[PDB]
Amino acid sequence: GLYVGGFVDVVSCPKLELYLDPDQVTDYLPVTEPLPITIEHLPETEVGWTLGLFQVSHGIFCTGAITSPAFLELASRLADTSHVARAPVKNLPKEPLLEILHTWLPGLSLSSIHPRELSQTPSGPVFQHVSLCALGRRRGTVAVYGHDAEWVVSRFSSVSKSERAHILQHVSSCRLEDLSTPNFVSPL
Ligand SMILES: O=C(O)c1ccc(NC(=O)c2cccc(CC3CCCCC3)n2)c(Nc2cccc(OC(F)(F)F)c2)c1
């Protein structure tokens, strides 16, 4: 069980593309229904689920859980045994897993439909998934990975106490065990 949090970039047709202003989608927030957490908008890389997308003072904040056993075990092995994975991280970190995810997947990209379908009334869901990304971070903040949801939200000074309380209310109400098993498979 691993938690992630941070401010997101809102992209439409990712890697195909248009970055959106957070205000173009605030009318459709919050989103407390689980959305899949994938990697670089790739299919079959679901590693977890969103626990809440909230509009706060300085943009759209995301809190999610990384639940894929295959991904956690693979990432943990690389963090403990790979000189390449540890090259861009400070020497001898206490939590090599967290620091490596923090360094290699800093971006949280929120997938969305085209804006031309938002000015009108959208027919279907506006958001498709959130992605951990190695590139493309603009307005978003570097994703924070940790073991306690409260600890993750604490690392962001851009979130007031009242906001933080609103987040943990919807995060604490979600049990990670009731979530579906992500479909991630190791591409090794
Ligand atoms: O076999 C191949 O041809 C193949 C070769 C390399 C791949 N990855 C990269 O080039 C790449 C680049 C930057 C970041 C990441 C993700 C982190 C994950 C934590 C550990 C550090 C790396 N991956 C992938 N694609 C890939 C898909 C999803 C996850 C992933 O990481 C892992 F496989 F380790 F889970 C790699 C595939």
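First listed ligand is number 1; within each ligand, the first listed atom is number 1. Just so you know, residue 1 is the first one in the sequence shown, and it goes up from there.
Between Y145 and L132, some side-chain heavy-atom pair lies under the 4.5 Å cut-off.
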Original post:
Could you go step by step and tell me if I66 and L72 meet the side chain to side chain contact (heavy atoms under 4.5 Å, CB included) rule?
Top reply: CA-CA 8 Å; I66 310 298; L72 294 170; 3.9 Å; yes
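Atoms of ligand 1 found under 4.0 Å from any heavy atom of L78 (numbered from 1 in listed order, with element): 20 (C), 34 (F).
For atom 8 (N) of ligand 1, the nearest protein heavy atom is 4.0 Å or more away. For atom 32 (C) of ligand 1, the nearest protein heavy atom lies under 4.0 Å away. Protein heavy atoms are absent from the space less than 4.0 angstrom from atom 11 (C) of ligand 1. Within the 4.0 angstrom cut-off, atom 1 (O) of ligand 1 has one or more protein heavy-atom neighbours.
Closest protein heavy atom to atom 18 (C) of ligand 1: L105 CD1, 4.3 Å. Scanning the protein for heavy atoms near atom 19 (C) of ligand 1, the closest one is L101 CD2, 4.4 Å. For atom 29 (C) of ligand 1, the closest heavy atom belonging to the protein is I39 CD1, 3.7 Å. Looking from atom 17 (C) of ligand 1 to the surrounding protein, the closest heavy atom is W104 CB, 4.2 Å.
Of all heavy-atom pairs between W104 and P88, the closest is NE1-CG, 3.6 Å.
Defined by atom type and a distance below 3.5 Å, a donor-acceptor pair is present between the side-chain atoms of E95 and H147. Defined by atom type and a distance below 3.5 Å, a donor-acceptor pair is missing between the side-chain atoms of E46 and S68. With 3.5 Å as the limit, one finds no donor-acceptor pair spanning the side chains of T38 and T45.
Checking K15, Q128, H129 one by one against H41, the side-chain hydrogen bond (donor to acceptor under 3.5 Å, both in side chains) holds for a single residue, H129.
Within the set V84, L72, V47, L74, the minimum heavy-atom distance to atom 35 (F) of ligand 1 is found for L74.
For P187, a nitrogen or oxygen atom sits less than 3.5 Å from a nitrogen or oxygen atom of ligand 1, counting backbone and side chain alike.
Salt bridge present: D21 and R139 bring a charged side-chain N and a carboxylate O closer than 4.0 Å.
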